[PDB]
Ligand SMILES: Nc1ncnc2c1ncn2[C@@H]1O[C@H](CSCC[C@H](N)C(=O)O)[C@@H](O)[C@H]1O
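Only one chain comes next, encoded as structure tokens, the form solved without S-adenosyl-L-homocysteine.
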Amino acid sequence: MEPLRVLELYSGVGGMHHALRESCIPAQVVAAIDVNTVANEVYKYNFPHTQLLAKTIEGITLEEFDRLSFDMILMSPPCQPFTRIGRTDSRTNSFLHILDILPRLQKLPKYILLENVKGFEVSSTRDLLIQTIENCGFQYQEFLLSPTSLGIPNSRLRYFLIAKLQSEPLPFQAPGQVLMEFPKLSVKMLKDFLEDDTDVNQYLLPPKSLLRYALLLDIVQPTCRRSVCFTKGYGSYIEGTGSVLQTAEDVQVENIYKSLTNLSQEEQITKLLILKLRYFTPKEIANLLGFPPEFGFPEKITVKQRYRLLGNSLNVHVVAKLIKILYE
């Protein structure tokens, strides 16, 4: 009788929208707003029947906002575009316009849920945002949660703020506190998130990369229940970007390591290849991020862009549970 109209800011590749669906709450995306042409392509490919406003948030007038009549705002960080080799940030103005439009709306949205990076919870920008929603009478709670809490073998500590237009306090509210756990199963293995049709070749680490960074790598095996944070650089830079997968069981990493001693560069390359280390594929990162099994990219989107498009994405599973918590 009362389906929620949802506004998705910085829709990117549609992580929020996907979280909306997994929450199984009565809602629908009335509008997606993002200027990234490559991201929007990914968005249409997975959400063809959803309106996508390819505009900056600052360029969307209050009249348009009132017309959309949204009851829920969902926003996650903007996709970091591969700058055209020749080589603008509307973020400050877009964020200010959001703060400026909210009090002037004809219908305040009942729900607000924002996902940002860790560290935001101490910024001056947070204090101004919190200040505005308090003036508008939102009861809120901030979180810092990693998908490991929901049993996903992937570290991705991110910031969350859930806001609800109600006078009463929230049942789980810790005033002035960032909660580190969901309000009151285990960590699955990585093999559950691996695509079995993936070309193991092509994704195998190149030999010169193995030679230089072999012992600086974080090598995980498929039975491992852990993996490090993925950044936009995965697949192009090797240090600090993510874990790599050893697709050659019954070979012990520490044995390859010790046997490299007193070997030539060529013999080490030959030895390290035995481990059959490979990158996680873009689709496999999306699995760990919680994108639905049906999620995919247009073929025109390069592998490099796919890693980049996912590097800054939210975790659909973590956001989906908070949506449920927020909706009761």
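Numbers for residues come from their place in the sequence shown, where the first is 1.
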- Between residue 87 and residue 88, determine how many residues of the deposited chain lack coordinates; answer none if the chain runs continuously, otherwise 1 to 3, 4 to 9, or 10 or more. 4 to 9
- Message: If I compare the deposited sequence with the modelled residues, how many are absent between residue 184 and residue 185: none, 1 to 3, 4 to 9, or 10 or more?
- Response: 10 or more
- Query: Out of 171 to 179 and 208 to 216, which stretch has the higher average CA B-factor listed in the record?
  - Reply: 171 to 179
- Which has the higher mean CA temperature factor in the PDB entry, 148 to 156 or 246 to 254? 246 to 254
- Which one of 285, 32, 42, 277 shows the biggest C-alpha B-factor in the PDB entry? 42
- Task: Consider only the C-alpha atoms of the modelled residues in this chain, order them by B-factor as the entry records it, and name the third containing residue 197: lowest, middle or highest.
- Result: highest
- Query: What third of the chain, by the recorded C-alpha B-factor, contains residue 227?
  - Reply: lowest
- Lowest, middle or highest third - CA B-factor, residue 52: highest
- Message: Quick check on the deposited entry: does the C-alpha B-factor of residue 65 sit in the lowest, middle or highest third of its chain?
- Response: highest
- Message: Ranking the modelled residues of this chain by C-alpha B-factor as given in the entry, is residue 302 in the lowest, middle or highest third?
- Response: highest
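A second form of this protein, the form deposited with S-adenosyl-L-homocysteine bound, is not displayed here; the remarks below concern that form.
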- Counting ligand atoms of S-adenosyl-L-homocysteine within 2.4 Å of any backbone or C-beta atom, after superposition from its pose in the entry with it bound, shows the site to be blocked
- Is residue 314 close enough to touch S-adenosyl-L-homocysteine in the entry with it bound, meaning at least one heavy atom pair within 4.5 Å? yes
- Contact of residue 288 with S-adenosyl-L-homocysteine in the entry with it bound (heavy atom, 4.5 Å): no
- Query: Taking heavy atoms only, is residue 78 within 4.5 angstroms of S-adenosyl-L-homocysteine in the entry with it bound?
  - Reply: yes
- Message: Is residue 57 near S-adenosyl-L-homocysteine? Define near as a heavy atom within 4.5 Å, in the entry with it bound.
- Response: yes
- Query: Given that S-adenosyl-L-homocysteine is left out here, which of 94, 146, 139, 221 has a heavy atom within 4.5 Å of it in the entry with it bound?
  - Reply: 94
- Note on the structure: Contact with S-adenosyl-L-homocysteine in the entry with it bound, heavy atom within 4.5 Å, among 36, 281, 50, 268 goes to 36
- Item | One stretch from 27 to 35, 299 to 307, 260 to 268, 62 to 70 that, in the entry with it bound, holds residues within 4.5 Å of S-adenosyl-L-homocysteine by heavy atom | 27 to 35
- Task: Counting only non-hydrogen atoms and a 4.5 Å cut-off, give the residues of 7 to 27 close to S-adenosyl-L-homocysteine in the entry with it bound.
- Result: 10, 11, 12, 13, 14, 15, 16
